[PDB]
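Every chain is numbered from 1 and lettered A, B, ... according to where its sequence line falls, protein lines coming before strand lines. Atoms considered below: every heavy atom in the structure, side chains included; atoms not considered: hydrogens, waters and symmetry mates.
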Number of protein chains: 2
Amino acid sequence: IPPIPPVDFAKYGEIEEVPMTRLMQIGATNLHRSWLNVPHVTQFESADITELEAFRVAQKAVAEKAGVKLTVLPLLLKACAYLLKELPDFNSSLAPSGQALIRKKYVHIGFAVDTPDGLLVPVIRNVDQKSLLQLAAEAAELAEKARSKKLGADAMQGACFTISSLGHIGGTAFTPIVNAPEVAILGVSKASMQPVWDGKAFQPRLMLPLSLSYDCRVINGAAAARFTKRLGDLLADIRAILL
Amino acid sequence: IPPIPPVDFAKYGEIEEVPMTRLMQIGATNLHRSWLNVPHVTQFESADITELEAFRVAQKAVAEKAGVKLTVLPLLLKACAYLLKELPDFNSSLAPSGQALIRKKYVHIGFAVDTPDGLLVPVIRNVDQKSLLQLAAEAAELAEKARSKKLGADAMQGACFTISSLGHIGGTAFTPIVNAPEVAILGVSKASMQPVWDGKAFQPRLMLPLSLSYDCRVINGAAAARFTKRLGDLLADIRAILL
C-alpha cells in the first residue's frame, strides 16, 4: 500500500510527541488488518424500544435486589443470541481456504469496553444459555476487570459477534469495523423520542439506532437487512424470544 | 368409613342402569383416595392477562406457520415451570415415612384432558426446557392421542404438578382435587373483562380466574398465597421469565 509522505509538523507550529500504549498499537494493527481484509457494508435500522424501556425500568427493584444494574446491553445480548441461532451465517467465519464457512454451534458475544489504555472486548460465553440478570452481572464484572487491567487474555477470545454500544455518550449512528475473523458487529447509538406514523397520526416512540457492519463476502445485502429487521422486531417485543 | 345406605331407586320411578368404563372406575378410586388422604385448601386469585392475550393473538401467524395453535395452556405451563423452580416445595411429594419431603429436581407437568371414556392427564416432561411453540405442539399431540385411546401409560407418569383448564367451557372458579402424590393442582376458569381500579378510575382488564388447591400438610396458607400471587405477576408480564 503506498505510504503516507512524512510531514515536518514542527514547520507549522509547536508540537509535542506522546507515545502509544502497547494496547493502542495492538488495536491499531488489528483494525487496519480488518479494514484491508474485509469489504465492509453498514446496514442501518432503528428499533422501537418503548416497551423494552418500560420493562427495564420496572425491573429496577429485582435487578437491585440481585446486585446488578439492568441496562440495555443484557437485552441486546439475549436478542442477538437468539438471532445468531436463527440466522447461522452470522455466527460463522470464513475458512482460511476462502472456499468454506466454518459455522459455529456455540454463541459467545464480545462487547466493546473503552478503557484508558485502549479498547478491550471481553467475551461472554454461551450468551444463549444465560438469563437477563446473569448476563447483567457478567457484563458488569468483565467491564470492571477490563478497566482495572485484571482481564486475563482468555476472556478476549473466541467470540462469534461483537456489540459496540455508544448510546451512553451520544450519536445518531456510526459505521463500526468488523473484528475479523468474525463476520459482523452491531453498533448501538443513543435512543431518542421520534414521531412514528400509526397509520393515522404521529405517535412518539422511543427509537434505538442500530448499525450493523458486515463482511459482504459472506453476508449479502438482503441477509443483512433481514437480520436488522428481525432484531428490530425482537426488541420491539422481547417476548418473541420465548416461543 | 360408614357406607351410604342402599336405596331402591325404582320405588320413585323408572330407572335404567348404565355401566362405568374401567377408566371411570380407575379415576373414581384415585380421587377418593386423594380426597381421604390429602387435607385440601383452595387458594383463589385472578391474573391480569390483557397483555398476554394481545401477545397470543399477535403470534397467530408464527404459530400457524409452525402448525401449532398457540392457546393459553403453553403460557400457563411455562410460567408454572418457572415458578416450580422458584418455590421448590410445590415441586415435591411427601415421603411414605410422613417425615420427609422428596424434592424433585425435574419439572414435568400434567394437564387434564377430558375424553369420552373419562379424564386423562398426559404429562409433558421437562416443561422448563421447552419453548412456547414446542409446548404448544406437544400438548396438542398428547391431547389427540388421549382422545384416540393411543396414549401409552408411560405418558401418564411422574408428573410434578397438574393444570386443569376449564376456561374453554365456563365458570368463575372451582375447587380441584390434588392428584396425590403431587402436592398442588392449578384450576383455570373463563377469562372475562373486569373493572380494575387504576388508582383513579376503573379500567377494563381481562382477568383469568386461578384456583390453586394444595396439600396443606406440606404447603401452608401463606406459601400458597405467595405462589398464586407470583403466578398472577408472571402472567401479567411474561417477560419476567426472561430474567
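- For A:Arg226, the CZ atom sits in a loose shell: 12 or fewer heavy atoms of surrounding residues, nucleotides or ligands are nearer than 6.0 Å.
- With a threshold of 4.5 angstrom between heavy atoms, A:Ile241 approaches chain B through side-chain atoms but not through N, CA, C or O.
- For the atom pair CG (B:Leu242) and CZ (A:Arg239), the distance works out to 11.0 Å, reported to the nearest 0.5 Å.
- A heavy-atom distance below 4.5 Å is found between the side chains of A:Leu70 and B:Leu243.
- Comparing A:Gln134, A:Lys78, A:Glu51 by how many heavy-atom pairs each has under 4.5 Å with chain B, the most go to A:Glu51.
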